[PDB]
Amino acid sequence: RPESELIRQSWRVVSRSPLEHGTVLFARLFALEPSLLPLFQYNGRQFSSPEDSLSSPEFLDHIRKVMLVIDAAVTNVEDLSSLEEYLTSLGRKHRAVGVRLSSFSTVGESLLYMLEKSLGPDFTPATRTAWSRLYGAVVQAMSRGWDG
Ligand code: HEM
């Protein structure tokens, strides 16, 4: 598949510095959907502003977790069936913390923003399409965690 190669090559750029890039992803996410901020409750306390989240070690560890799951999807781009049961359970976990299924479209747009800004002119419409399809497949598997 030509799409598989566009994903592996663009990911190579991002995965060199995962926290710096995941920081961009989450900064964009809170700019688009501020109501996601209170869902990160560590020690039963809420962040007041988005910049508060960037000083939290637990929050930064969640950024690392996110980037590792994407890395697993990229590594298995030819065979995403192998990640399916793990992703369903990851969906169930997020449902339990209070994430709505609709918020996964915002996450997808923030991922595309982070790729666009990192790759610049190397972010071609073919690259955008490849990532949209991969992200779509990941979301389909996770959405099984919301009962169906
Ligand atoms: C709407 C955006 C999201 C919110 C509000 C959110 C919130 C959380 C919270 C509160 C936890 C538990 C505390 C913690 O482990 O830090 C968590 C766990 C986790 N999240 Fe997220 N998350 C979001 C998106 C994602 C995405 C897109 C991925 C990966 C693709 C991801 C991967 C994980 C992983 C791997 C865990 C640990 C699950 C476990 O094994 O218990 N999360 N999420």
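Index from 1, following the sequence. Note that ligands are numbered from 1 as they come in the structure, with each ligand's atoms numbered from 1 the same way.
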Self-check item: Minimum heavy-atom distance between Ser49 and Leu37, given as atom pair plus value
Solution: C-CD2, 3.7 Å
Exercise. Would you name the heavy atoms of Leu60 and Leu19 that are closest together and state the gap between them?
Key: O-CD1, 3.8 Å
Quiz item: Is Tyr86 touching ligand 1 with its side chain, its backbone, both, or neither, if touching means heavy atoms under 4.0 Å apart?
Solution: side chain
Practice problem: For ligand 1, note which part of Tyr42 has a heavy atom under 4.0 Å away: side chain, backbone, both or neither. | Solution: side chain
Quiz prompt | Heavy-atom gap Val99 to ligand 1 smaller than 4.0 Å | solution = yes
Quiz item: From atom 40 (O) of ligand 1, is the closest protein heavy-atom distance below 4.0 Å?
Solution: no
Practice problem: Kindly state if atom 33 (C) of ligand 1 has a protein heavy atom within a strict 4.0 Å cut-off, that is, under 4.0 Å? | Solution: yes
Looking only at protein heavy atoms, identify the closest one to [atom] and say how far it is in Å.
atom	value
atom 2 (C) of ligand 1	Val107 CG2, 4.0 Å
atom 4 (C) of ligand 1	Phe40 CZ, 3.5 Å
atom 10 (C) of ligand 1	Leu39 O, 3.6 Å

Hey, could you give me the [atom1]/[atom2] distance between [X] and [Y], rounded to the nearest 0.5 Å?
X	Y	atom1	atom2	answer
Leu29	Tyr113	CG	OH	12.5 Å
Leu115	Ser132	CG	OG	9.5 Å
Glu78	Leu80	CD	CG	9.5 Å

Practice problem: Taking atom types as modelled, find out whether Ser89 and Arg92 have a side-chain donor-acceptor pair closer than 3.5 angstrom. | Solution: yes
Quiz item: Nearest non-hydrogen atom to atom 26 (C) of ligand 1 belongs to which of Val69, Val66, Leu90, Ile63?
Solution: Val66
Quiz item: Relative to atom 14 (C) of ligand 1, which among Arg64, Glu33, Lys65, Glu58 owns the nearest non-hydrogen atom?
Solution: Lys65
Exercise. With atom 21 (Fe) of ligand 1 as the reference point, give the N/O/S atom of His94 that is nearest.
Key: NE2
Quiz item: Of all N, O or S atoms in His62, which has the smallest distance to atom 21 (Fe) of ligand 1?
Solution: NE2
Quiz item: Does one hydrophobic cluster hold both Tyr42 and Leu39, with members joined at side-chain heavy-atom distances below 4.5 Å?
Solution: yes
Practice problem: Over 60° means perpendicular and under 30° means parallel, so classify the ring planes of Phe47 and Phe59, tilted if in between. | Solution: perpendicular
Self-check item: Per-atom contacts of ligand 1 with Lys93, taking only distances under 4.0 Å to non-hydrogen atoms
Solution: 41 (O)
Quiz item: Would you call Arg28 and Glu33 a salt bridge, using N to O less than 4.0 angstrom?
Solution: no
